[PDB]
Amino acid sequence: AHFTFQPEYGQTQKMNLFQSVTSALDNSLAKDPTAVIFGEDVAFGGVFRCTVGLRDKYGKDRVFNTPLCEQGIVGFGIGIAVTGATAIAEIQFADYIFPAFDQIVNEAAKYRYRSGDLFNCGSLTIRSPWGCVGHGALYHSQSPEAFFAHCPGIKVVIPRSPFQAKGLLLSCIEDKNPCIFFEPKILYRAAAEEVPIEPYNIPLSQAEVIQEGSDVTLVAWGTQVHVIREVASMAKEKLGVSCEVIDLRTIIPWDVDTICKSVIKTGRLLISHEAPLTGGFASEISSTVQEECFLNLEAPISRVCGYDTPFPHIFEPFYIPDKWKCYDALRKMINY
């Protein structure tokens, strides 16, 4: 495709991203008797196979299909969580999460605050396939994280691999706040990796420096992390530039300290994401970094993002912020 995937807790087994999600869900229903999983077509295993075998193993009352209605799926999930039961809702494609926007933003995110903590829906998690897939076009490709980033009260988490996905998803399911977990669908079947069979957690609101560097900081999340990892390689080989590569992982609340600490050292920052530039989450990272590291910034922070248009079908190769686009902006920034 446009990226290449590459890369303590006991026995592990090779798993691709969708299998690691199933493993996280299986571990959750096994240790939490109240947990249920529901949404469109989850009973037979899901359109991306993330729930295969779970209904047979745990029961039709715990893994079941709902009517085709996203606002209902989320309102229903909030209600289960209000009683304290773990509710793991699925939205079939992140592009179809909008009908539930009011239930997410006006209700789920504000549930605890507005009640003085008399009620909450902390045990709610909404998972949904996310990101481009080569030919998904307008409604099978979206990255909606920036729409949710402007909403206090919810957490938005995005993994970059099977190992990261299972650990971050278990943390979302167990976190006491409503969580939206976006699963990069292009990775569902792309390259497996070793994943612990038993449950483990990866912390939320913690970015991960996957490669140390001293000349510039590169930040991304999801599949785009693989793109910047490659860009780091291109910079080192073609320019003798040392790149510090960081996977943000949690969109909100985000790990401001890790990013600033990195930029204070390198003095340069390039942020990249598939979502459109304007109002994208890179603008929040850039603003914040400028405010905390003004003294250390040796050049303007660059944002290499999708263009300010809907996501196209036939033009996708020209739309995405690929390694060449990131590389070029990095080159110009390094030459600043």
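Numbers follow the displayed sequence, beginning with 1.
Colleague: Please confirm whether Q6, modelled here, goes without coordinates in at least one third of the other compared entries that cover both its neighbours.
Modeller: That residue is missing from at least a third of the other compared entries.
Colleague: What size is the break between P7 and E8 in terms of deposited sequence residues left without coordinates: none, 1 to 3, 4 to 9, or 10 or more?
Modeller: In the record, 4 to 9 residues between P7 and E8 lack coordinates.
Colleague: Looking at the deposited entry, does 143-151 or 197-205 carry the larger mean Cα B-factor?
Modeller: Mean C-alpha B-factor is greater for 197-205.
Colleague: Tell me which stretch has the larger mean Cα B-factor in this entry, 293-301 or 55-63.
Modeller: Averaged over C-alpha atoms, the B-factors run higher in 293-301.
Colleague: Reading the B-factor column of the entry, which of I210, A109, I251, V74 has the highest value at its C-alpha atom?
Modeller: Of the options given, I210 has the highest CA B-factor in the PDB entry.
Colleague: Going by the CA temperature factor in the entry, name the top one among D257, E174, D95, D247.
Modeller: Most elevated C-alpha B-factor of the set, per the entry: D257.
Colleague: Lowest, middle or highest third: where is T278 by Cα B-factor in its chain?
Modeller: Middle third by C-alpha B-factor.
Colleague: Check where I78 lands among this chain's C-alpha B-factors and tell me if it's the lowest, middle or highest third.
Modeller: Its C-alpha B-factor, which the entry lists for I78, ranks in the lowest third among residues of this chain.
Colleague: Can you tell me whether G306 has a C-alpha B-factor in the lowest, middle or highest third compared with the other modelled residues of the same chain?
Modeller: As the PDB entry reports it, the C-alpha B-factor of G306 lands in the middle third of its chain.
Colleague: Rank-wise, by C-alpha B-factor, drop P99 into the lowest, middle or highest third of its chain.
Modeller: Bottom third by C-alpha B-factor.
Colleague: Can you work out whether the C-alpha temperature factor of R160 puts it in the lowest, middle or highest third of the chain?
Modeller: Middle third, going by the recorded CA B-factors of the chain.
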